[PDB]
Amino acid sequence: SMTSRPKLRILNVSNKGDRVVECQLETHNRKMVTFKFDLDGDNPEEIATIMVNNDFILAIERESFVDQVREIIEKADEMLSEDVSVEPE
């Protein structure tokens with residue numbers, strides 16, 4: 001299948017109540033697009049639909065966009081994970 005890889009940068013990860021990633025996309029008609037998602041509440045495919053509908057990524061960029069956002073969510077979740085106790089109380 002024909003594919004293209006959109007260029008994404010992580011700008012910020014926040015862990016102050018909700019866990020939120022701010023990312024930046026670079027567009028083909030030369031417009032920068034910043035977007036934010038919640039680690040716990042948002043899904044990479046849902047974010048991809050918003051981006052395709054608004055012409056911020058191409059249909060041939062959807063698969064790569066989802067794969068990248070899924071990897072960012074995994075890495076951020078591992079970075080923010082903490083020790084936990086099981087209470088037999």
# chains A, B, ... in the order shown; residues from 1 in each chain; ligands from 1
$ select_by_dssp --residues "chain A" --states "alpha helix (DSSP H)" --output "list in words"
residues 44, 45, 46, 47, 48, 49, 50, 51, 52, 53, 62, 63, 64, 65, 66, 67, 68, 69, 70, 71, 72, 73, 74, 75, 76, 77, 78, 79 and 80 of chain A
$ write_last_selection --atoms "C-alpha atoms" --output "short mmCIF file (atom, residue, chain, number, x, y, z; two decimals), in the first residue's frame"
data_model
loop_
_atom_site.label_atom_id
_atom_site.label_comp_id
_atom_site.auth_asym_id
_atom_site.auth_seq_id
_atom_site.Cartn_x
_atom_site.Cartn_y
_atom_site.Cartn_z
CA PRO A 44 -4.95 7.46 18.71
CA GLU A 45 -7.58 6.57 16.03
CA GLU A 46 -10.06 9.17 17.38
CA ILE A 47 -7.30 11.85 17.21
CA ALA A 48 -6.40 10.71 13.66
CA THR A 49 -10.06 11.18 12.46
CA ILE A 50 -10.05 14.82 13.72
CA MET A 51 -6.75 15.45 11.94
CA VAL A 52 -7.85 13.89 8.61
CA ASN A 53 -11.26 15.69 8.56
CA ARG A 62 -3.24 7.99 8.83
CA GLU A 63 -1.56 4.62 9.57
CA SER A 64 1.80 6.21 10.43
CA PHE A 65 0.11 8.94 12.53
CA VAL A 66 -1.77 6.34 14.61
CA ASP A 67 1.38 4.16 15.05
CA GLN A 68 3.39 7.21 16.23
CA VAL A 69 0.73 8.49 18.67
CA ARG A 70 0.29 4.98 20.09
CA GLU A 71 4.09 4.77 20.77
CA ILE A 72 4.14 8.25 22.41
CA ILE A 73 1.27 7.23 24.76
CA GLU A 74 3.15 4.02 25.76
CA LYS A 75 6.46 5.83 26.47
CA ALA A 76 4.73 8.66 28.41
CA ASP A 77 2.76 6.10 30.48
CA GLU A 78 5.97 4.24 31.40
CA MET A 79 7.75 7.50 32.27
CA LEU A 80 4.90 8.63 34.63
#
$ select_by_dssp --residues "chain A" --states "strand (DSSP E)" --output "PyMOL selection string"
chain A and resi 8-15+19-26+32-38
$ atom_distance --atom1 "atom CA of residue 25 of chain A" --atom2 "atom CA of residue 9 of chain A"
6.8 Å
$ atom_distance --atom1 "atom CA of residue 8 of chain A" --atom2 "atom CA of residue 26 of chain A"
7.0 Å
$ closest_residue --among "A:28, A:34, A:39, A:88" --to "residue 6 of chain A" --atoms "only C-alpha atoms"
A:28
$ atom_distance --atom1 "atom CA of residue 37 of chain A" --atom2 "atom CA of residue 84 of chain A"
24.7 Å
$ residues_around --residues "residue 14 of chain A" --least-positions-apart "3" --cutoff "10 Å" --atoms "only C-alpha atoms" --output "VMD selection string"
chain A and resid 17 to 22 38 76 80
$ write_last_selection --atoms "C-alpha atoms" --output "mmCIF file, in the first residue's frame"
data_model
loop_
_atom_site.group_PDB
_atom_site.id
_atom_site.type_symbol
_atom_site.label_atom_id
_atom_site.label_comp_id
_atom_site.auth_asym_id
_atom_site.auth_seq_id
_atom_site.Cartn_x
_atom_site.Cartn_y
_atom_site.Cartn_z
ATOM 1 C CA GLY A 17 -3.956 16.239 37.740
ATOM 2 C CA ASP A 18 -4.770 15.028 34.281
ATOM 3 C CA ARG A 19 -1.955 13.426 32.246
ATOM 4 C CA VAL A 20 -1.641 15.455 29.000
ATOM 5 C CA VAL A 21 0.728 15.375 25.970
ATOM 6 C CA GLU A 22 1.109 18.415 23.703
ATOM 7 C CA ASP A 38 -5.060 12.820 27.457
ATOM 8 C CA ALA A 76 4.731 8.664 28.413
ATOM 9 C CA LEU A 80 4.903 8.630 34.632
#
$ closest_residue --among "A:61, A:82, A:2, A:56" --to "residue 30 of chain A" --atoms "only C-alpha atoms"
A:56
